């Protein structure tokens, strides 16, 4: 029995909460580390078993001891409590880099040499192609276009919204070209570069992924991974999402790397050429390939987002004719990796008003506000104030939560100022850092119960106990979709369906598109 809390810390001027299982109010206090009480209040019921205690009113920085009943926690208040973790979460992208010596001076004990430096064969052909660079997608060493788009979109958004917060963190600066860009753009460029090499010049279509034919053992170092590299065929989802991320890149990078911006801009346009000339054909792994499929039956949300990004890239009202039908559909307005419409909503909402119907705009904004209300209701009745239900705890549930925090915060950039927006962000951070039923901090390297054994091949195959730090784990998943979860977790409530085990890929993997919205949400809070 113990206190559950934000194990990274709290912002001075931010919202401060802890939890305990109780059956009644209890008083609590916080004292300076060497004795003297600074704050007292009473816990209050929040649902099921849970009592919370709020100490937002404590604005003096420090490490404090929090006592309730006979229990004690060490809680930290600081002006920028999350600067470190945010830096870690950004640096994870640099740790995921493919085909570049990650030097000890930047990597520390998790340094390594270039991996996957060979060419890839276009599936069922004798053509080689170089697709070097970018990120290992997750626990494996694949690089997959579709999930890659979310990660790039997320980080460019983080820059566009929270450049101040991001300014105070440092990526692995010496592995990136000079001149150095603002951290998010600097990390992002690596993946943008790789993605450019996935577009077939013949057609403008984009290859769905480059992977070996199957996963190596968990105990494979990146540099030891010898298996040949295969490009799975061009896919509509790959092409559409590529188009969306490049169009966005064209905008954000224009003042920073104009050669890149222009080039992305035209990459985006050629992909949209492709989309028009081809059928919305879901991707399926071809025979022989057994690595992540990243499939999707519904491809209209992807068209939405490509269209809306080209709308916002050009500024040309022409594009409004294609977007506004797509915006009218009953697609779910989510932030990826498969259901990507909400990225299109923002691109459209953040296109200048001259180019789009004020009428549609307001309907879009109306629907947006109604969706946030739904999420707020979920938060209202959840004991930890997060906008989730038990059925929402699926593979990557931390991304689900974070994508939803992210929704409120992006909405503030488009005059949809929901009153729950900043309470929900704080809560999502709290949870992610250990304010949950397992008391589990879901980022490697932080808090008092950090993630120790991630399903991450580098963390497994190096012989360093501590895993690469800064990695956000998928989180609890009630579907029990690996043999280890089935073993230990059958019968546990949804939020407890998580095990810190290296074989639990359905609950304990890491992914560039799980870190990406985390970066955005934490970034948002730092900018307090």
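Residue numbers count along the first chain shown, from 1. By rigid core we mean the largest C-alpha set that fits within 1.5 Å across both forms.
**Student:** What stretch shows more C-alpha movement in 6 other deposited structures of this protein relative to this form, 90-98 or 106-114, after the core is superposed?
**Tutor:** After superposing on the rigid core, the more displaced stretch in 6 other deposited structures of this protein is 106-114.
**Student:** Between 187-195 and 356-364, report the one with more C-alpha displacement in 6 other deposited structures of this protein relative to this form after a rigid core superposition.
**Tutor:** Stretch with the larger root mean square C-alpha distance in 6 other deposited structures of this protein: 356-364.
**Student:** Identify the stretch, either 483-491 or 499-507, whose C-alpha atoms have the larger mean B-factor according to the entry.
**Tutor:** Averaged over C-alpha atoms, the B-factors run higher in 483-491.
**Student:** Tell me which stretch has the larger mean Cα B-factor in this entry, 170-178 or 289-297.
**Tutor:** Result: 170-178.
**Student:** Tell me, please, which of 209, 353, 136, 367 has the highest C-alpha B factor according to the deposited entry?
**Tutor:** Top of the list by C-alpha B-factor: 353.
**Student:** Quick one: which of 130, 101, 184, 443 has the biggest Cα B-factor according to the entry?
**Tutor:** The C-alpha B-factor peaks, among 130, 101, 184, 443, at 130.
**Student:** Quick check for you: using the entry's CA B-factors within this chain, is residue 467 in the lowest, middle or highest third?
**Tutor:** Ranked within chain, residue 467 CA B lands in the middle tercile.
**Student:** How does residue 302 rank on Cα B-factor within its chain, lowest, middle or highest third?
**Tutor:** Bottom third by C-alpha B-factor.
**Student:** Ranking every modelled residue in this chain by its Cα temperature factor as given in the entry, which third contains residue 313?
**Tutor:** Middle third by C-alpha B-factor.
**Student:** According to the PDB entry, is the CA B factor of residue 196 in the bottom, middle or top third of its chain, that is, lowest, middle or highest?
**Tutor:** It belongs to the lowest third of the chain when residues are ordered by C-alpha B-factor.
**Student:** Give the position of residue 80 by CA B-factor within its chain, expressed as the lowest, middle or highest third.
**Tutor:** CA B-factor rank for residue 80: highest third.
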